[PDB]
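> Any chance you can model this:
(12 chains)
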Amino acid sequence: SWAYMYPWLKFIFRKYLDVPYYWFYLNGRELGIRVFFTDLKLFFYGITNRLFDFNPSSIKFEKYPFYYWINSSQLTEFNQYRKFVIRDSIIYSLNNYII
Amino acid sequence: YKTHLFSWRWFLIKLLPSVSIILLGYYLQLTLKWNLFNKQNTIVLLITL
Amino acid sequence: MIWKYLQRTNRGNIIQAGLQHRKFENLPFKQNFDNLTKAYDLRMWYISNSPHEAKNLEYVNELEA
Amino acid sequence: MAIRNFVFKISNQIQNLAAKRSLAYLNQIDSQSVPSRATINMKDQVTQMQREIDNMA
Amino acid sequence: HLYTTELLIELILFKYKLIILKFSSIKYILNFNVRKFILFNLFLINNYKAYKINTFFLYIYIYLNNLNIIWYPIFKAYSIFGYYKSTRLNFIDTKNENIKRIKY
Amino acid sequence: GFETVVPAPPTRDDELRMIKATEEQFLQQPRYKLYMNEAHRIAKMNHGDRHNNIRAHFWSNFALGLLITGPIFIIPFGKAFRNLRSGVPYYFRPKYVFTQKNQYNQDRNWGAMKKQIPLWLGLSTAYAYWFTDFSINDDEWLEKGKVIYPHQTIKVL
Amino acid sequence: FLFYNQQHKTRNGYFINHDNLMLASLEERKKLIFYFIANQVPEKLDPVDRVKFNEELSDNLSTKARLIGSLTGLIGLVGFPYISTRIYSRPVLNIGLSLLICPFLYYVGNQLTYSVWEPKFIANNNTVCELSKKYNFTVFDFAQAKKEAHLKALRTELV
Amino acid sequence: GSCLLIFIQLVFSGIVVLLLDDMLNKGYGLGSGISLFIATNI
Amino acid sequence: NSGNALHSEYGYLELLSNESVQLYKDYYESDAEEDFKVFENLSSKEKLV
Amino acid sequence: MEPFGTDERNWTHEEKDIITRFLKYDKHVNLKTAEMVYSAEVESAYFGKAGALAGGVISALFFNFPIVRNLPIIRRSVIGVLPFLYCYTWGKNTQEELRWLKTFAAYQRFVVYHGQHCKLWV
Amino acid sequence: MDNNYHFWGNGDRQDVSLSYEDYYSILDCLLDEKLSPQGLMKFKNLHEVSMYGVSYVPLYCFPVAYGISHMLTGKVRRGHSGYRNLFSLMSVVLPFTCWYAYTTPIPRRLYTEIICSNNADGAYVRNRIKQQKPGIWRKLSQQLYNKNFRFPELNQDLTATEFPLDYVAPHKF
Amino acid sequence: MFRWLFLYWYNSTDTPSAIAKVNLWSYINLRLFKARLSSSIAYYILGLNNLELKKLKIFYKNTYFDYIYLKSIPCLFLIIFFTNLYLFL
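Residues are numbered from 1 along each chain as shown, chains lettered A, B, ... in the order given. Below is the structure:
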């Protein structure tokens, strides 16, 4: 029954497969065990902060319809997907339906 | 971009009955040492359902 | 100097450990998992280190129980 | 009443332990008379220390 | 007062300690001071033995120590008797059936 | 990202000086360093040197780590195999093979070693990776892969 | 150490470096740079501005520190005779004890009043802000002033 | 090395730091020699 | 009220070593192979033992 | 078009209704998508009524069950109405789930139709 | 402390903290054409560090999952004999511990350089997260404001003349 | 309890003939557990009259970690010295 979860297995190890040989001098990096120990320390820090430090709140606006369908404006810099302009129009129309 | 990654939370909620029957089967086999057939029919019927 | 606490091995690391008598003094009035495990460990250690066969076989039967 | 009884059981065990710590040297309840020796050992050390000072002088 | 008097006390103790150091080594002084500090720490620990709060902390420590007692069974088909027979090597030679006893 | 002045193609004297510099730099390669002739060779060699430097430091720290992890961690860890959680001294629990632990503390010492040697090596490796410095070879922007030519290293005449 | 004099290291903003400026605001960076330059390299300022800054620093940090150190040293002179009896007097010993105590208390008090009042003087003084706006030093000016201050300290050690 | 890094922390460059570090080392050595001579005398 | 012993406590504890030595002498007074001159003077470790 | 992620807000009832009525009646929507939403509406409606009716029948039987029939009126009523509540909830939930799954399929078809999803192209 | 504070995959306590789930979701809403070659380099270094990290996280969580699975079975260690129950409970519990780990933010220099950089790449990334990932940006804006970062894209911006685009969670002014 | 087969099979009185004369076959008397060798090498040479049993025992098995650590200090210091020598030269 665990069988159909193989895409995660490919997601983890294919990235290891696409690492070239060290002496081909593409980047000249071997960061396996270094990252192992560094991430062990980093996870200690992260868990400690999550338990005994400031934690961002998860409260949000959960009643207003389509509140988080944010359309482009000077507050978003217009660097989005090109064809999302249609979406903006839709959002505009929706926000005029709920006044 | 077709990674075909499925959510682990949904998978975990999917996994409950199989682990349940595994644990119930182990309890049934361990308690067979000091239990009778009619007293274990509860576990057998639960695993069947 | 340095060899006193770097080369001179501690006594406990060499000799066999003795029975911890603190853990068998005040036992709960129950046949619980703790007491049963204590009895099992006592008899297993005895049969592992005793040259006496009658007590060893008695402890073997009690260990099966 | 159950909460008070549980609290008193904990208090009773704590007080028994506290009296055992501060009076173990008097009795031979502990096997091999260990803690008593320890306290006696302490006295020896103390005595030695004072004698040491005098000897230095 | 209470400052010049303490300075005089420190100076007198300093003169005595100089006399001590003149007829002694650094190693001996270090050993004596370390032993005295160990004695002082033991004295403090003994002094705070009968306190209910310290005893409660020690009781919690003891209770957490003996909380997790684990049983290790023998999961081979030989079980207890096979293991028992495996532990007989040192005592086989001290048994009557191993005594030299020639038929003829 | 400006550009520099491109000199005119070299004359025969400049070509001869370049050839002399290249051959002199060729003569400097130790015979035990097996790097093939290529554009990146010198760069690779430099990289290799730095890598080797790091390697030495690492191993020193590794050895040092072993020492520092001897009495501080692993021996006190082995103090935990004297008695079980029930207070009874350590005894052998066999998995499949009923080995005869006839010697004095064969079972206790072997279990302690089985759980201490991996711990010793792991703590030593952690110490080595924590305390050695990889800064000399680290290149965040990968700017050190540029091709260096042998005639640029040596000045002739 | 005993060989050199290090009373200038932790006083008069000598400890300000680029780390103090990287995180500062533009106005705060200007104030810090001006304070360091005025305390360490007064030659970069006009003489009138030098006089104004010296007057503003003296009544707040320099002379106040001197007075606080003097008071703390006087605290250590409750009894000047110290060790003294009718049979024997110890003038040299008492002088040595005074020269060992009073300078120490002076140093402690001076360092304390610099540790308390210098940040507030830098951050909450109108003269410093006005002169910083008047001069408007840059990071290059701060780098040059840092070099000049280190070289002047080296020269003073040499002489 | 350590003195080089210390003096580079203050506004300086590696080439300029060498001369100042040499001067400071010479001064410290002279002070140490003077202290040794004073100890020998007294 | 304290783990530190008093003079009254130490008076009882000082008798323990001599009492143990005398118990050994009383149990083994028949043995002609037993030498008590070793018990005549003891060190701190021997007294604790 | 919708934000994606764990921290994002799930579709609310008002948003689902607005999207359903958008897909049903708006232009810019091909006939196939609208037909999908219509077929969602037609087939889902059976399950709410079926669940309510089956719960009513089962509760009528349960009100006279061998132990329930001899309970005091308050306990008897609660135990009798439990099957009705369970089956009514099942019917309503199944209707909502079927209708919304088909409607969300239609919404995905509309989004792909007008190219309103990044990392999706022919 | 450590001798490798220069490493880009390293970080201190007060660096920007992003969980692996947040990092992957953020990657899902960006385009490489809009980033300068330096920003692409930052993202590639982060990619290699993060691929190693996501490989290693289950190894980090394995001791805790092992202990919890042992405590669920009971107080009996049937080594080589309770492996079936132990590893069924492991295949259940290790995903839960990895869930807690992967939802835990971890600080990194690359995290604090990608988000908080003052050049055009940082503004692009911040605005892209602000618009396409409103919840991720809600948490991230709270974290950045708590760390004395002052950006226009933050919801907690007292100098702005436009109203915030999300709910501003309570915080100490 | 036997360690050697020649002692085990020399004079055995628990044979099936006798045990059948009593007809009480206890489980603890299984022949699977009666004899077991010492797990230390033991071969035979020719002595002066007969075979002589020689035991080949090379190393102990009860070594603890402290012995390993103390016997490794010179090797670790040699590694440190060689690495520092390589760095300097």
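> Geometric centre of chain A: which residue is closest?
Nearest to the geometric centre of chain A sits residue A:11, at 15.3 Å (C-alpha atoms, centre = their mean).
> would that residue count as being in a helix?
Yes - per DSSP: H, G, I helix; E, B strand; the rest coil, residue A:11 lies within a helix segment.
> In contact with it, which residues are there?
Residues in contact with residue A:11 (C-beta atoms under 8 Å, 6 or more residues apart in numbering or on different chains) are B:3, B:5. Quick note: C-beta positions are derived from backbone N, CA and C, even for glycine.
> again, but for residue B:11
Applying C-beta under 8 Å, 6+ apart, the residues near residue B:11 are A:5, K:95.
> let's see 10 Å
Residues near residue B:11 by C-beta atoms under 10 Å, 6 or more residues apart in numbering or on different chains: A:1, A:2, A:4, A:5, A:8, K:95.
> What residue in chain F comes nearest to chain H?
Going by C-beta to the nearest C-beta, chain H is nearest to residue F:135 of chain F, at 13.0 Å.
> what sits against the residue in chain B that chain H sits nearest to?
Closest contact between chain B and chain H, by C-beta to the nearest C-beta, is at residue B:3 (47.3 Å). Contacts for residue B:3 (C-beta under 10 Å, 6+ apart) come out as A:7, A:8, A:10, A:11, A:14, K:24.
> Leaving out sequence neighbours, find the closest residue to the first one.
Just to be clear, that refers to residue A:7. residue B:4 (4.1 Å; C-beta to C-beta, 6 or more residues apart in numbering or on different chains).
> would that neighbour count as being in a strand?
No - looking at residue B:4 with three-state DSSP, it is coil, so not inside a strand.
> quick one: contacts for it?
So residue B:4 contacts A:4, A:6, A:7, A:8, A:10, A:11 (C-beta under 10 Å, 6+ apart).
> out of the residues you listed, who's nearest chain B?
The closest of these, once distances to chain B are taken by C-beta to the nearest C-beta, is residue A:7, at 4.1 Å.
> Does the host helix or strand of residue J:82 reach chain B?
Using DSSP states H and E, residue J:82 sits within helix J:73-113. No - Helix J:73-113 lies out of reach of chain B by C-beta under 10 Å from any C-beta of the partner chain, never closer than 14.2 Å.
> Look up how far chain A lies from residue F:93.
Relative to chain A, residue F:93 is positioned 31 Å away (criterion: C-beta to the nearest C-beta, to the nearest Å).
> Can you tell me the SS state at that residue?
Classified using three-state DSSP, residue F:93 is coil.
> contacting residues around the nearest residue in space to it that is not next to it in sequence?
Once flanking residues are discounted, residue F:93 sits nearest to residue E:72: 4.5 Å by C-beta to C-beta, 6+ apart. Counting by C-beta under 10 Å, 6+ apart, residue E:72 makes contact with C:37, C:40, C:41, C:44, F:84, F:91, F:92, F:93, K:76, K:77, K:78, K:79.
> Up against chain C, what does chain H have?
Taking C-beta under 10 Å from any C-beta, no part of chain H reaches chain C.
> remind me, longest helix of chain H?
helix H:14-41 (DSSP state H).
> Pull the contacting residues for residue F:155.
Applying C-beta under 10 Å, 6+ apart to residue F:155 gives the contacts F:17, F:21.
> In a helix, it, correct?
No - remark: residue F:155 does not belong to a helix; assigned using three-state DSSP, it is coil.
> C-alpha coordinates for the helix or strand harbouring residue E:17, PDB please?
Element membership for residue E:17 (DSSP H and E) is helix E:4-22. These are the backbone C-alpha positions of helix E:4-22, laid out as PDB (Å, rounded to 0.1, in the frame of the first residue of the first chain):
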ATOM      1  CA  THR E   4      40.600  50.500  57.500                       C
ATOM      2  CA  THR E   5      40.100  47.700  60.000                       C
ATOM      3  CA  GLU E   6      39.300  45.200  57.200                       C
ATOM      4  CA  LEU E   7      42.300  46.500  55.300                       C
ATOM      5  CA  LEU E   8      44.500  45.900  58.400                       C
ATOM      6  CA  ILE E   9      43.000  42.400  58.800                       C
ATOM      7  CA  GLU E  10      43.700  41.600  55.100                       C
ATOM      8  CA  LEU E  11      47.300  42.900  55.500                       C
ATOM      9  CA  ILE E  12      48.000  40.800  58.600                       C
ATOM     10  CA  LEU E  13      46.600  37.700  56.900                       C
ATOM     11  CA  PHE E  14      48.700  38.600  53.900                       C
ATOM     12  CA  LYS E  15      51.800  38.700  56.000                       C
ATOM     13  CA  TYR E  16      51.000  35.300  57.400                       C
ATOM     14  CA  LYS E  17      50.300  33.900  53.900                       C
ATOM     15  CA  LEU E  18      53.600  35.300  52.700                       C
ATOM     16  CA  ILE E  19      55.300  33.500  55.600                       C
ATOM     17  CA  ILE E  20      53.500  30.300  54.500                       C
ATOM     18  CA  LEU E  21      54.400  30.700  50.800                       C
ATOM     19  CA  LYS E  22      58.100  31.300  51.700                       C
END
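> Good, wrapping up.
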